[PDB]
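Note sheet for the following structure.
Chains as they are written, first to last, in the authors' numbering: chain A, 482 to 612; chain B, 1 to 76; chain C, 1 to 76.
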């Protein structure tokens, strides 16, 4: 069942280091921002943004990625994707202005679920500490 | 006017509509072209989801507008 | 009471409200400031998420309180 999605991610896949296109987020973001959309495919997509936009980051990227984070059902924990999701909220930042500090503050704002994994992990990485 | 509909794949469908045309009507045209049923479409523009009944005029949707065709929680 | 509203993105907005003020009312004030439709502003405080109707009193939200705001994707 070779879904058309393949042909899509394929083209963009080459546009990775292309020259920064509006098609990347114009297709990936939606697949992981619209409202829900499959978490699996969206997972690999989220990473694509990180590595790519590894340099310049934007809030809209996080905000959207956050909306989906909440929509979580905690029932699909069966499929693997929590790793990429986490690493994303991490590699994303790297120090600039108590940015991450605010993030951890939000996660706590809405109770304290199994998000512990993120708290600790993301908690470790923040200020200067990697040379 | 001639409006365009970008699919979540890369293909862009061009359809000739009017400013009074109702969204529901547009969705119908898309169903006749592709095969997606109305109860399975989500048109978005400038970061704003369009609701049925309304018209392409209630969203300032002029000509040559690239409507973002998103799937409202695709089944599979 | 002069309360503050911090946005996830990175912007603090000062709004003069009262303890009997309804969350919905606050959202309206924000819309008049920026342009993010009410149906696109998730407010959260030390406690949890604030729902419409309720007042800033059903949370103990005092003055100079920083209320988190998470908009659902670009408003526009």
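The beta carbon of each residue, even a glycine, is placed where N, CA and C say it ideally should be.
- In the DSSP annotation of this structure, the continuous segment of the beta strand (DSSP E) that includes residue 68 (chain C) starts and ends at 66-70.
- If you ignore the 5 residues before and after residue 543 (chain A), its C-beta comes within less than 7 Å of the C-beta of 573, all in its own chain and listed in chain order.
- Under the 10 Å beta carbon count, residue 595 (chain A) is surrounded by fewer than 16 other beta carbons and is classified as exposed.
- In terms of beta-carbon proximity, residue 74 (chain C) lines the interface with chain B, with at least one pair separated by less than 8 Å.
- By the neighbour-count criterion, in which 16 or more other beta carbons inside 10 Å mark a residue as buried, residue 68 (chain B) falls on the buried side.
- Secondary structure at residue 564 (chain A): helix, using DSSP grouped into helix, strand and coil.
- Per DSSP, residue 497 (chain A) lies in no alpha helix (DSSP H) and is assigned neither H nor E.
- Taking 8 Å as the CB threshold, residue 591 (chain A) lines the interface with chain C.
- Residue 50 (chain B) and residue 23 (chain B) have their C-alpha atoms some 7 Å from each other.
- From the listed residues B:41, B:47, B:6 and B:39, the smallest Cα separation to residue 40 (chain C) is found for B:47.
- Residue 17 (chain C) sits in coil when the DSSP states are folded into three classes, being neither helix nor strand.
- For the pair of segments examined, the stretch 518-534 of chain A was found to touch the stretch 552-569 of chain A: the number of CB pairs separated by less than 8 Å reaches three.
- Under the DSSP definition of a beta bridge, residue 49 (chain C) partners with C:44.
- If you draw a 10 Å sphere on the C-beta of residue 611 (chain A), you find fewer than 16 other C-beta atoms in it, and that means exposed.
- The C-beta of residue 571 (chain A) has 16 or more other C-beta atoms within 10 Å across all chains shown, which makes the residue buried.
- Annotation for residue 550 (chain A): the continuous alpha helix (DSSP H) segment containing it runs 540-552.
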